[PDB]
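Structure first, then comments.
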Amino acid sequence: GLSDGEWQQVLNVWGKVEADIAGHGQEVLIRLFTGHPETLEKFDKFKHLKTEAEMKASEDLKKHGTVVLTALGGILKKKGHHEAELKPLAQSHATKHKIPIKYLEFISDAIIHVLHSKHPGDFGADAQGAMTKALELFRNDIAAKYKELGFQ
Ligand code: COH
């Protein structure tokens, strides 16, 4: 688990995301799609996006970024007491969307990257550590659900 100090860092960082949820959301998704094009193929509604200019100009991609980060923010604010919130997410992503756990690693790394990119010099070593732990926790709790399902 994360310490009290660590959770506070996590939710302090998250303050940055909340000031522009859609912008953070869109950049996370573009980072994931451009770095890992296989991920784009899991989204029938975004596989028409051939170029980053197209991604950037997509209002629906931004809308989805908002849905994504809002769901993640909800989970983070539970400070690890997220079973009710995380279970349905785990299950829709395995069973419906067929998302390998690797893709959840990719988006975790994309969040850390976007935070440095939007907030250079304002995402300290301690904040990065805390946020990384929170994201691993999220990822690991999802992985336990995936194992239950025998997915991947
Ligand atoms: C590589 C693709 C992948 C990743 C890493 C990912 C990672 C994450 C993630 C990690 C931070 C969070 C909090 C969410 C949260 C959500 N995702 Co995804 N999702 C992904 C692919 C999808 C797909 C595909 C859908 C359906 C999109 C649609 O057509 O509306 C989706 C839908 C959702 C929805 C709508 C409800 C539902 O269908 O469950 C939420 C909320 N999610 N997702």
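Each chain in the structure tokens gets a letter, A, B, ..., in the order shown, and its residues are numbered from 1; ligands are numbered from 1 in order too.
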Taking only C-alpha atoms and all ligand atoms into account, which residues have an atom no farther than 10 Å from ligand 1? I'd like them as an mmCIF file with N, CA and C atoms, in the first residue's frame.
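The resulting pocket-v8.cif:
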```
data_model
loop_
_atom_site.group_PDB
_atom_site.id
_atom_site.type_symbol
_atom_site.label_atom_id
_atom_site.label_comp_id
_atom_site.auth_asym_id
_atom_site.auth_seq_id
_atom_site.Cartn_x
_atom_site.Cartn_y
_atom_site.Cartn_z
ATOM 1 N N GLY A 25 -6.529 14.295 -20.361
ATOM 2 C CA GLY A 25 -7.139 13.092 -20.945
ATOM 3 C C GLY A 25 -6.768 12.852 -22.399
ATOM 4 N N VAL A 28 -2.918 12.097 -22.740
ATOM 5 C CA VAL A 28 -2.670 10.696 -22.313
ATOM 6 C C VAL A 28 -3.028 9.740 -23.462
ATOM 7 N N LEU A 29 -4.245 9.873 -23.988
ATOM 8 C CA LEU A 29 -4.693 8.952 -25.068
ATOM 9 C C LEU A 29 -3.837 9.056 -26.336
ATOM 10 N N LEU A 32 -0.534 7.321 -25.777
ATOM 11 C CA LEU A 32 -0.720 5.863 -25.803
ATOM 12 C C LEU A 32 -0.844 5.377 -27.259
ATOM 13 N N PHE A 33 -1.697 6.071 -28.004
ATOM 14 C CA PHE A 33 -1.963 5.709 -29.406
ATOM 15 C C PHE A 33 -0.734 5.856 -30.306
ATOM 16 N N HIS A 36 2.044 3.377 -29.078
ATOM 17 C CA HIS A 36 1.636 1.966 -29.196
ATOM 18 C C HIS A 36 0.429 1.844 -30.129
ATOM 19 N N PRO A 37 0.655 1.902 -31.456
ATOM 20 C CA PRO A 37 -0.479 1.940 -32.361
ATOM 21 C C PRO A 37 -1.424 0.755 -32.260
ATOM 22 N N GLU A 38 -0.944 -0.374 -31.744
ATOM 23 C CA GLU A 38 -1.815 -1.529 -31.576
ATOM 24 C C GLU A 38 -3.011 -1.216 -30.657
ATOM 25 N N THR A 39 -2.812 -0.255 -29.739
ATOM 26 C CA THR A 39 -3.813 0.139 -28.756
ATOM 27 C C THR A 39 -4.987 0.811 -29.470
ATOM 28 N N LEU A 40 -4.687 1.626 -30.492
ATOM 29 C CA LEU A 40 -5.729 2.298 -31.271
ATOM 30 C C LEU A 40 -6.725 1.276 -31.839
ATOM 31 N N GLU A 41 -6.212 0.105 -32.244
ATOM 32 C CA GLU A 41 -7.084 -0.941 -32.831
ATOM 33 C C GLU A 41 -8.140 -1.499 -31.880
ATOM 34 N N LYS A 42 -7.978 -1.287 -30.571
ATOM 35 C CA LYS A 42 -8.976 -1.775 -29.629
ATOM 36 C C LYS A 42 -10.227 -0.872 -29.581
ATOM 37 N N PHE A 43 -10.141 0.305 -30.214
ATOM 38 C CA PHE A 43 -11.196 1.323 -30.197
ATOM 39 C C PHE A 43 -11.760 1.449 -31.596
ATOM 40 N N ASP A 44 -12.859 0.756 -31.886
ATOM 41 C CA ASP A 44 -13.581 0.940 -33.147
ATOM 42 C C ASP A 44 -13.921 2.397 -33.410
ATOM 43 N N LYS A 45 -14.174 3.168 -32.368
ATOM 44 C CA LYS A 45 -14.513 4.566 -32.571
ATOM 45 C C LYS A 45 -13.296 5.529 -32.748
ATOM 46 N N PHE A 46 -12.072 5.008 -32.632
ATOM 47 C CA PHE A 46 -10.889 5.841 -32.890
ATOM 48 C C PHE A 46 -9.955 5.278 -33.946
ATOM 49 N N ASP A 60 -14.351 13.829 -29.780
ATOM 50 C CA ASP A 60 -14.771 12.611 -29.125
ATOM 51 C C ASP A 60 -13.608 11.937 -28.367
ATOM 52 N N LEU A 61 -12.376 12.081 -28.889
ATOM 53 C CA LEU A 61 -11.177 11.555 -28.239
ATOM 54 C C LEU A 61 -10.983 12.304 -26.927
ATOM 55 N N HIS A 64 -13.702 11.124 -24.490
ATOM 56 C CA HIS A 64 -13.230 9.851 -23.889
ATOM 57 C C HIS A 64 -12.097 10.053 -22.840
ATOM 58 N N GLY A 65 -11.130 10.946 -23.127
ATOM 59 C CA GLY A 65 -10.060 11.270 -22.165
ATOM 60 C C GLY A 65 -10.697 11.716 -20.850
ATOM 61 N N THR A 66 -11.730 12.549 -20.970
ATOM 62 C CA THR A 66 -12.452 12.988 -19.791
ATOM 63 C C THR A 66 -13.107 11.797 -19.035
ATOM 64 N N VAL A 67 -13.725 10.880 -19.776
ATOM 65 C CA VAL A 67 -14.381 9.731 -19.149
ATOM 66 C C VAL A 67 -13.309 8.901 -18.384
ATOM 67 N N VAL A 68 -12.213 8.636 -19.076
ATOM 68 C CA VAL A 68 -11.055 7.847 -18.563
ATOM 69 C C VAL A 68 -10.509 8.433 -17.245
ATOM 70 N N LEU A 69 -10.107 9.705 -17.267
ATOM 71 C CA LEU A 69 -9.431 10.303 -16.133
ATOM 72 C C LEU A 69 -10.382 10.544 -15.015
ATOM 73 N N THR A 70 -11.648 10.825 -15.337
ATOM 74 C CA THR A 70 -12.663 10.933 -14.270
ATOM 75 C C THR A 70 -12.813 9.622 -13.488
ATOM 76 N N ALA A 71 -12.903 8.515 -14.200
ATOM 77 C CA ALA A 71 -12.965 7.191 -13.601
ATOM 78 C C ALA A 71 -11.688 6.914 -12.739
ATOM 79 N N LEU A 72 -10.525 7.230 -13.279
ATOM 80 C CA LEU A 72 -9.254 7.062 -12.557
ATOM 81 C C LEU A 72 -9.172 7.942 -11.303
ATOM 82 N N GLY A 73 -9.559 9.215 -11.436
ATOM 83 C CA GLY A 73 -9.627 10.148 -10.291
ATOM 84 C C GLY A 73 -10.502 9.620 -9.167
ATOM 85 N N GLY A 74 -11.683 9.095 -9.515
ATOM 86 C CA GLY A 74 -12.610 8.486 -8.544
ATOM 87 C C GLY A 74 -11.929 7.387 -7.734
ATOM 88 N N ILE A 75 -11.207 6.546 -8.454
ATOM 89 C CA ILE A 75 -10.515 5.396 -7.901
ATOM 90 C C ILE A 75 -9.405 5.912 -6.991
ATOM 91 N N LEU A 76 -8.619 6.891 -7.456
ATOM 92 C CA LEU A 76 -7.494 7.410 -6.637
ATOM 93 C C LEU A 76 -7.943 8.009 -5.312
ATOM 94 N N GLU A 85 -15.275 0.182 -7.122
ATOM 95 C CA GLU A 85 -15.010 0.979 -8.316
ATOM 96 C C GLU A 85 -14.170 0.245 -9.350
ATOM 97 N N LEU A 86 -13.209 -0.552 -8.883
ATOM 98 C CA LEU A 86 -12.205 -1.145 -9.774
ATOM 99 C C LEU A 86 -12.706 -2.451 -10.414
ATOM 100 N N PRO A 88 -15.726 -3.588 -11.648
ATOM 101 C CA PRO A 88 -16.439 -3.464 -12.937
ATOM 102 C C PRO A 88 -15.539 -2.982 -14.050
ATOM 103 N N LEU A 89 -14.596 -2.095 -13.726
ATOM 104 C CA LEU A 89 -13.643 -1.605 -14.722
ATOM 105 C C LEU A 89 -12.773 -2.747 -15.215
ATOM 106 N N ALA A 90 -12.206 -3.513 -14.283
ATOM 107 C CA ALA A 90 -11.406 -4.693 -14.585
ATOM 108 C C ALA A 90 -12.175 -5.617 -15.501
ATOM 109 N N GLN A 91 -13.419 -5.882 -15.138
ATOM 110 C CA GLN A 91 -14.235 -6.828 -15.891
ATOM 111 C C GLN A 91 -14.666 -6.327 -17.295
ATOM 112 N N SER A 92 -14.969 -5.024 -17.441
ATOM 113 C CA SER A 92 -15.359 -4.555 -18.782
ATOM 114 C C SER A 92 -14.132 -4.563 -19.658
ATOM 115 N N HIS A 93 -12.968 -4.252 -19.089
ATOM 116 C CA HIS A 93 -11.762 -4.175 -19.925
ATOM 117 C C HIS A 93 -11.228 -5.527 -20.385
ATOM 118 N N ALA A 94 -11.309 -6.531 -19.515
ATOM 119 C CA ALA A 94 -10.966 -7.894 -19.910
ATOM 120 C C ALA A 94 -12.004 -8.470 -20.898
ATOM 121 N N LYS A 96 -15.143 -7.283 -22.162
ATOM 122 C CA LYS A 96 -15.734 -6.563 -23.273
ATOM 123 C C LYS A 96 -14.697 -6.042 -24.246
ATOM 124 N N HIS A 97 -13.765 -5.231 -23.737
ATOM 125 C CA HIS A 97 -12.859 -4.481 -24.599
ATOM 126 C C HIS A 97 -11.627 -5.265 -24.974
ATOM 127 N N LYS A 98 -11.411 -6.386 -24.274
ATOM 128 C CA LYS A 98 -10.235 -7.247 -24.493
ATOM 129 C C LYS A 98 -8.902 -6.509 -24.365
ATOM 130 N N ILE A 99 -8.676 -5.836 -23.239
ATOM 131 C CA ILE A 99 -7.490 -5.002 -23.099
ATOM 132 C C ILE A 99 -6.415 -5.767 -22.327
ATOM 133 N N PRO A 100 -5.322 -6.183 -22.988
ATOM 134 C CA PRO A 100 -4.277 -6.855 -22.194
ATOM 135 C C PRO A 100 -3.686 -5.968 -21.085
ATOM 136 N N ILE A 101 -3.306 -6.602 -19.974
ATOM 137 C CA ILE A 101 -2.689 -5.853 -18.886
ATOM 138 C C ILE A 101 -1.483 -4.949 -19.334
ATOM 139 N N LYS A 102 -0.736 -5.386 -20.358
ATOM 140 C CA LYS A 102 0.348 -4.576 -20.944
ATOM 141 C C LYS A 102 -0.163 -3.174 -21.331
ATOM 142 N N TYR A 103 -1.403 -3.096 -21.800
ATOM 143 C CA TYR A 103 -1.922 -1.817 -22.314
ATOM 144 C C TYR A 103 -2.147 -0.861 -21.161
ATOM 145 N N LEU A 104 -2.478 -1.447 -19.993
ATOM 146 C CA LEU A 104 -2.613 -0.711 -18.739
ATOM 147 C C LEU A 104 -1.253 -0.250 -18.204
ATOM 148 N N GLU A 105 -0.215 -1.059 -18.390
ATOM 149 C CA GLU A 105 1.141 -0.575 -18.188
ATOM 150 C C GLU A 105 1.422 0.622 -19.115
ATOM 151 N N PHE A 106 1.171 0.466 -20.422
ATOM 152 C CA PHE A 106 1.389 1.585 -21.351
ATOM 153 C C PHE A 106 0.693 2.887 -20.921
ATOM 154 N N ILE A 107 -0.568 2.815 -20.499
ATOM 155 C CA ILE A 107 -1.264 4.059 -20.169
ATOM 156 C C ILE A 107 -0.765 4.662 -18.839
ATOM 157 N N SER A 108 -0.322 3.808 -17.908
ATOM 158 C CA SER A 108 0.325 4.250 -16.656
ATOM 159 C C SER A 108 1.566 5.104 -16.964
ATOM 160 N N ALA A 110 2.237 6.511 -19.849
ATOM 161 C CA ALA A 110 1.755 7.700 -20.553
ATOM 162 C C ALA A 110 1.302 8.837 -19.616
ATOM 163 N N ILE A 111 0.602 8.503 -18.534
ATOM 164 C CA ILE A 111 0.237 9.477 -17.466
ATOM 165 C C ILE A 111 1.472 10.161 -16.836
ATOM 166 N N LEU A 135 -0.505 4.092 -9.306
ATOM 167 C CA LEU A 135 -0.780 3.514 -10.635
ATOM 168 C C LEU A 135 -0.439 2.036 -10.707
ATOM 169 N N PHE A 138 -3.303 0.309 -8.768
ATOM 170 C CA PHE A 138 -4.419 0.256 -9.720
ATOM 171 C C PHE A 138 -4.232 -0.895 -10.693
ATOM 172 N N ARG A 139 -3.089 -0.890 -11.397
ATOM 173 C CA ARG A 139 -2.706 -1.932 -12.341
ATOM 174 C C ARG A 139 -2.695 -3.353 -11.717
ATOM 175 N N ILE A 142 -6.192 -4.613 -10.812
ATOM 176 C CA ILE A 142 -6.823 -5.038 -12.088
ATOM 177 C C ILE A 142 -6.262 -6.422 -12.507
#
```
Run DSSP on the backbone and tell me which residues of range 51-120 of chain A come out as helix (DSSP H, G or I); list them as an mmCIF file with N, CA and C atoms, in the first residue's frame.
```cif
data_model
loop_
_atom_site.group_PDB
_atom_site.id
_atom_site.type_symbol
_atom_site.label_atom_id
_atom_site.label_comp_id
_atom_site.auth_asym_id
_atom_site.auth_seq_id
_atom_site.Cartn_x
_atom_site.Cartn_y
_atom_site.Cartn_z
ATOM 1 N N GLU A 52 -1.751 11.962 -35.882
ATOM 2 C CA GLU A 52 -1.865 12.756 -34.660
ATOM 3 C C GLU A 52 -2.667 14.076 -34.817
ATOM 4 N N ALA A 53 -2.593 14.722 -35.984
ATOM 5 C CA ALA A 53 -3.372 15.945 -36.200
ATOM 6 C C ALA A 53 -4.840 15.556 -36.088
ATOM 7 N N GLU A 54 -5.189 14.427 -36.688
ATOM 8 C CA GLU A 54 -6.545 13.922 -36.607
ATOM 9 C C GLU A 54 -6.972 13.644 -35.157
ATOM 10 N N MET A 55 -6.090 13.000 -34.385
ATOM 11 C CA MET A 55 -6.332 12.711 -32.965
ATOM 12 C C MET A 55 -6.615 13.984 -32.167
ATOM 13 N N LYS A 56 -5.698 14.935 -32.320
ATOM 14 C CA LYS A 56 -5.738 16.229 -31.656
ATOM 15 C C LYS A 56 -7.020 16.985 -31.934
ATOM 16 N N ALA A 57 -7.529 16.871 -33.162
ATOM 17 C CA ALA A 57 -8.723 17.586 -33.606
ATOM 18 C C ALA A 57 -10.005 16.819 -33.286
ATOM 19 N N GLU A 59 -12.913 15.736 -31.136
ATOM 20 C CA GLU A 59 -13.598 16.147 -29.910
ATOM 21 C C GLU A 59 -14.044 14.917 -29.095
ATOM 22 N N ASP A 60 -14.351 13.829 -29.780
ATOM 23 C CA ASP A 60 -14.771 12.611 -29.125
ATOM 24 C C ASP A 60 -13.608 11.937 -28.367
ATOM 25 N N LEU A 61 -12.376 12.081 -28.889
ATOM 26 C CA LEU A 61 -11.177 11.555 -28.239
ATOM 27 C C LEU A 61 -10.983 12.304 -26.927
ATOM 28 N N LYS A 62 -11.176 13.623 -26.978
ATOM 29 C CA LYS A 62 -11.067 14.443 -25.784
ATOM 30 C C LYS A 62 -12.158 14.068 -24.771
ATOM 31 N N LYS A 63 -13.396 13.922 -25.249
ATOM 32 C CA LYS A 63 -14.513 13.452 -24.429
ATOM 33 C C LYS A 63 -14.174 12.098 -23.729
ATOM 34 N N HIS A 64 -13.702 11.124 -24.490
ATOM 35 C CA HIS A 64 -13.230 9.851 -23.889
ATOM 36 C C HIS A 64 -12.097 10.053 -22.840
ATOM 37 N N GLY A 65 -11.130 10.946 -23.127
ATOM 38 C CA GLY A 65 -10.060 11.270 -22.165
ATOM 39 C C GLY A 65 -10.697 11.716 -20.850
ATOM 40 N N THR A 66 -11.730 12.549 -20.970
ATOM 41 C CA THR A 66 -12.452 12.988 -19.791
ATOM 42 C C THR A 66 -13.107 11.797 -19.035
ATOM 43 N N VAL A 67 -13.725 10.880 -19.776
ATOM 44 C CA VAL A 67 -14.381 9.731 -19.149
ATOM 45 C C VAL A 67 -13.309 8.901 -18.384
ATOM 46 N N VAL A 68 -12.213 8.636 -19.076
ATOM 47 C CA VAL A 68 -11.055 7.847 -18.563
ATOM 48 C C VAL A 68 -10.509 8.433 -17.245
ATOM 49 N N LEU A 69 -10.107 9.705 -17.267
ATOM 50 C CA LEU A 69 -9.431 10.303 -16.133
ATOM 51 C C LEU A 69 -10.382 10.544 -15.015
ATOM 52 N N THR A 70 -11.648 10.825 -15.337
ATOM 53 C CA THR A 70 -12.663 10.933 -14.270
ATOM 54 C C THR A 70 -12.813 9.622 -13.488
ATOM 55 N N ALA A 71 -12.903 8.515 -14.200
ATOM 56 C CA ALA A 71 -12.965 7.191 -13.601
ATOM 57 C C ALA A 71 -11.688 6.914 -12.739
ATOM 58 N N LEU A 72 -10.525 7.230 -13.279
ATOM 59 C CA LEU A 72 -9.254 7.062 -12.557
ATOM 60 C C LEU A 72 -9.172 7.942 -11.303
ATOM 61 N N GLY A 73 -9.559 9.215 -11.436
ATOM 62 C CA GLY A 73 -9.627 10.148 -10.291
ATOM 63 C C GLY A 73 -10.502 9.620 -9.167
ATOM 64 N N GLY A 74 -11.683 9.095 -9.515
ATOM 65 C CA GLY A 74 -12.610 8.486 -8.544
ATOM 66 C C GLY A 74 -11.929 7.387 -7.734
ATOM 67 N N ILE A 75 -11.207 6.546 -8.454
ATOM 68 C CA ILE A 75 -10.515 5.396 -7.901
ATOM 69 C C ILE A 75 -9.405 5.912 -6.991
ATOM 70 N N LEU A 76 -8.619 6.891 -7.456
ATOM 71 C CA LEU A 76 -7.494 7.410 -6.637
ATOM 72 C C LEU A 76 -7.943 8.009 -5.312
ATOM 73 N N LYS A 77 -9.079 8.727 -5.342
ATOM 74 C CA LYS A 77 -9.606 9.381 -4.133
ATOM 75 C C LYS A 77 -10.080 8.390 -3.036
ATOM 76 N N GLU A 83 -12.295 -1.391 -4.273
ATOM 77 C CA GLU A 83 -12.798 -2.659 -4.830
ATOM 78 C C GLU A 83 -14.077 -2.483 -5.654
ATOM 79 N N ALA A 84 -15.074 -1.789 -5.102
ATOM 80 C CA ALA A 84 -16.341 -1.584 -5.828
ATOM 81 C C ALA A 84 -16.149 -0.819 -7.136
ATOM 82 N N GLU A 85 -15.275 0.182 -7.122
ATOM 83 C CA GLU A 85 -15.010 0.979 -8.316
ATOM 84 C C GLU A 85 -14.170 0.245 -9.350
ATOM 85 N N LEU A 86 -13.209 -0.552 -8.883
ATOM 86 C CA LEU A 86 -12.205 -1.145 -9.774
ATOM 87 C C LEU A 86 -12.706 -2.451 -10.414
ATOM 88 N N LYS A 87 -13.436 -3.256 -9.647
ATOM 89 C CA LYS A 87 -13.914 -4.541 -10.169
ATOM 90 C C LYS A 87 -14.665 -4.439 -11.544
ATOM 91 N N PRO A 88 -15.726 -3.588 -11.648
ATOM 92 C CA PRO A 88 -16.439 -3.464 -12.937
ATOM 93 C C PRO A 88 -15.539 -2.982 -14.050
ATOM 94 N N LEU A 89 -14.596 -2.095 -13.726
ATOM 95 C CA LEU A 89 -13.643 -1.605 -14.722
ATOM 96 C C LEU A 89 -12.773 -2.747 -15.215
ATOM 97 N N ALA A 90 -12.206 -3.513 -14.283
ATOM 98 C CA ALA A 90 -11.406 -4.693 -14.585
ATOM 99 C C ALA A 90 -12.175 -5.617 -15.501
ATOM 100 N N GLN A 91 -13.419 -5.882 -15.138
ATOM 101 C CA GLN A 91 -14.235 -6.828 -15.891
ATOM 102 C C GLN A 91 -14.666 -6.327 -17.295
ATOM 103 N N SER A 92 -14.969 -5.024 -17.441
ATOM 104 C CA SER A 92 -15.359 -4.555 -18.782
ATOM 105 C C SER A 92 -14.132 -4.563 -19.658
ATOM 106 N N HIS A 93 -12.968 -4.252 -19.089
ATOM 107 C CA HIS A 93 -11.762 -4.175 -19.925
ATOM 108 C C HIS A 93 -11.228 -5.527 -20.385
ATOM 109 N N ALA A 94 -11.309 -6.531 -19.515
ATOM 110 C CA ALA A 94 -10.966 -7.894 -19.910
ATOM 111 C C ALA A 94 -12.004 -8.470 -20.898
ATOM 112 N N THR A 95 -13.269 -8.514 -20.470
ATOM 113 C CA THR A 95 -14.310 -9.306 -21.126
ATOM 114 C C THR A 95 -14.913 -8.574 -22.306
ATOM 115 N N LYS A 96 -15.143 -7.283 -22.162
ATOM 116 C CA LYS A 96 -15.734 -6.563 -23.273
ATOM 117 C C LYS A 96 -14.697 -6.042 -24.246
ATOM 118 N N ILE A 101 -3.306 -6.602 -19.974
ATOM 119 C CA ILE A 101 -2.689 -5.853 -18.886
ATOM 120 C C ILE A 101 -1.483 -4.949 -19.334
ATOM 121 N N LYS A 102 -0.736 -5.386 -20.358
ATOM 122 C CA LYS A 102 0.348 -4.576 -20.944
ATOM 123 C C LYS A 102 -0.163 -3.174 -21.331
ATOM 124 N N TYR A 103 -1.403 -3.096 -21.800
ATOM 125 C CA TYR A 103 -1.922 -1.817 -22.314
ATOM 126 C C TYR A 103 -2.147 -0.861 -21.161
ATOM 127 N N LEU A 104 -2.478 -1.447 -19.993
ATOM 128 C CA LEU A 104 -2.613 -0.711 -18.739
ATOM 129 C C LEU A 104 -1.253 -0.250 -18.204
ATOM 130 N N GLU A 105 -0.215 -1.059 -18.390
ATOM 131 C CA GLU A 105 1.141 -0.575 -18.188
ATOM 132 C C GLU A 105 1.422 0.622 -19.115
ATOM 133 N N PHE A 106 1.171 0.466 -20.422
ATOM 134 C CA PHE A 106 1.389 1.585 -21.351
ATOM 135 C C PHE A 106 0.693 2.887 -20.921
ATOM 136 N N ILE A 107 -0.568 2.815 -20.499
ATOM 137 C CA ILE A 107 -1.264 4.059 -20.169
ATOM 138 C C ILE A 107 -0.765 4.662 -18.839
ATOM 139 N N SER A 108 -0.322 3.808 -17.908
ATOM 140 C CA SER A 108 0.325 4.250 -16.656
ATOM 141 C C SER A 108 1.566 5.104 -16.964
ATOM 142 N N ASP A 109 2.448 4.558 -17.825
ATOM 143 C CA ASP A 109 3.656 5.251 -18.283
ATOM 144 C C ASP A 109 3.291 6.550 -19.034
ATOM 145 N N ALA A 110 2.237 6.511 -19.849
ATOM 146 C CA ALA A 110 1.755 7.700 -20.553
ATOM 147 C C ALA A 110 1.302 8.837 -19.616
ATOM 148 N N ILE A 111 0.602 8.503 -18.534
ATOM 149 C CA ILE A 111 0.237 9.477 -17.466
ATOM 150 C C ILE A 111 1.472 10.161 -16.836
ATOM 151 N N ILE A 112 2.440 9.340 -16.398
ATOM 152 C CA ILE A 112 3.707 9.892 -15.892
ATOM 153 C C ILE A 112 4.364 10.808 -16.945
ATOM 154 N N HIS A 113 4.396 10.380 -18.205
ATOM 155 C CA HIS A 113 4.988 11.234 -19.230
ATOM 156 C C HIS A 113 4.266 12.597 -19.449
ATOM 157 N N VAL A 114 2.953 12.502 -19.663
ATOM 158 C CA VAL A 114 2.093 13.705 -19.751
ATOM 159 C C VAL A 114 2.226 14.709 -18.545
ATOM 160 N N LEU A 115 2.285 14.198 -17.305
ATOM 161 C CA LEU A 115 2.537 15.029 -16.132
ATOM 162 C C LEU A 115 3.862 15.817 -16.228
ATOM 163 N N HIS A 116 4.958 15.140 -16.593
ATOM 164 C CA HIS A 116 6.225 15.831 -16.866
ATOM 165 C C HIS A 116 6.117 16.809 -18.066
ATOM 166 N N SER A 117 5.352 16.423 -19.093
ATOM 167 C CA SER A 117 5.290 17.253 -20.264
ATOM 168 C C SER A 117 4.501 18.539 -20.051
ATOM 169 N N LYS A 118 3.341 18.423 -19.376
ATOM 170 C CA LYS A 118 2.505 19.585 -18.989
ATOM 171 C C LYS A 118 3.038 20.407 -17.779
#
```
**Prompt:** If you measure from CA of residue 123 in chain A to CA of residue 30 in chain A, what distance in Å do you get, rounded to one decimal?
**Reply:** 20.5 Å
**Message:** Give me, as a PyMOL selection string, all polymer residues having an atom no more than 7 Å from range 8-10 of chain A, counting only C-alpha atoms and skipping those fewer than 6 positions away in the same chain.
**Reply:** chain A and resi 127+130-131
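Separating CA of residue 78 in chain A from CA of residue 13 in chain A is a distance of 15.1 Å.
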